[PDB]
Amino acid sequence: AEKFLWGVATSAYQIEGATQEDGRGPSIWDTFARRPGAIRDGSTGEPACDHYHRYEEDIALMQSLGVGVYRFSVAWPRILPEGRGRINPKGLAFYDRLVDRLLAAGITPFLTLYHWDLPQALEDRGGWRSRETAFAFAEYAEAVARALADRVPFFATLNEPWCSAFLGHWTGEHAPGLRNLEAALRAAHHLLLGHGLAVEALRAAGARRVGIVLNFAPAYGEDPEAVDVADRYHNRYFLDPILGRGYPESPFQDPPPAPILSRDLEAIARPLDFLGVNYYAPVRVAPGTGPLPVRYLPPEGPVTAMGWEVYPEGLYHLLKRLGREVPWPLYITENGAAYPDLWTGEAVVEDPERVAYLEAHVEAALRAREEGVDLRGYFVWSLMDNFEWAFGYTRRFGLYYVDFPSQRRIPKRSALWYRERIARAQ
């Protein structure tokens, strides 16, 4: 567990731009962002951060940040426009070049294969409701691994399958946007299938470190039974099948559409090299009606602009819990906070509240480590402000303020804070 890794994270669709440049195919998100009511401000992933053209600039920001690792994702629709079959060489060229620049800068690449941008072509064939998509995902993982595994030591299959499944197929607030509990459950399973199938493809192509990124949220409440349902739904629904102890008692009171074969669970439980931990805030629940017998209550203490309870204590208890349950090293692959940033020309955007949030979660994270949790890294969510999905550009999480109209990047106080934190932590 040599040299703790300090890094920042982003995702292709949230920062790239060049939505229709160099042959990139449309993703379910490009489709979703054309539907009124989908995005808060009615915007889309274009031009976003225009990272597609300014990547060298951004790599230079990371260099002056002191960061040792950069977590990013590859846009599947950039590698295979129709999600399957033909390959767009410009896609692989872009990422190939991106990796070269990172190594030339002393920064380690931490690749996320699937960060929600499923090719629309695949959605039309059922998307994550069809296992054919699972096979497609393993072929994509393979194509990418054979091209970059020689320089990229870290590979993560999925990023937050919970969101892609329920947020995208049940509540419908995410792409593709369905609202069918059945579709959601089918999607959660076919997603896990893809995880297992890709881990093998990756393994076969020389990927040195393979893992997955899941988000968690400690659940609170007055009824321990409502709380437990919540716990299984937010924290154990995907972790368990991945650790090889199958699915926990379903948080739902609705039977799945079809049986899961024993064969599957062992194929889904492929040994990993690390677990990616994403943490932002906890959840507060009470018993309720519906397929998920629980209802969320307003946050109790201080909140961010997202209205998410800020609770560093949660990250600490989360890391200690996983330390005994998970048999692989952990990396906090995402931790950040959205606050109303104001910029009117200043050289530095004052980030008092975001700085307080990051320092607190870092303090809690290191405490848990000091107590024996094999934590080997901390990644602040996003290097720069970006397309915050359903919230559009109305919610900023970056260490660098981005004046989208001009694409100019401006350091926030949190950026100066992070550079100092890294330097001394060494």
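The first residue of the shown sequence is 1; numbering continues from there.
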Highest mean C-alpha temperature factor of the two stretches 75-83 and 123-131, which is it? 123-131
Of 215-223 and 256-264, the stretch whose C-alpha atoms average the higher B-factor in the entry: 256-264
Just grab whichever of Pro153, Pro282, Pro89, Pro251 has the top CA B-factor as deposited. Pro251
Select one of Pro161, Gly244, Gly276, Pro109: the residue whose C-alpha shows the highest B-factor in the crystal structure entry. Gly244
For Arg376, the third of its chain by CA B-factor is the middle
So where's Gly398 on the chain's Cα temperature factor ranking, which third? lowest
Compared with the other modelled residues in the chain, in which third is the CA B-factor of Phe387? lowest
Tertile call for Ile28 (CA temperature factor, within chain, third-based) is the lowest
Grab the CA temperature factor for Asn335 from the record and place it in the lowest, middle or highest third of its chain. middle
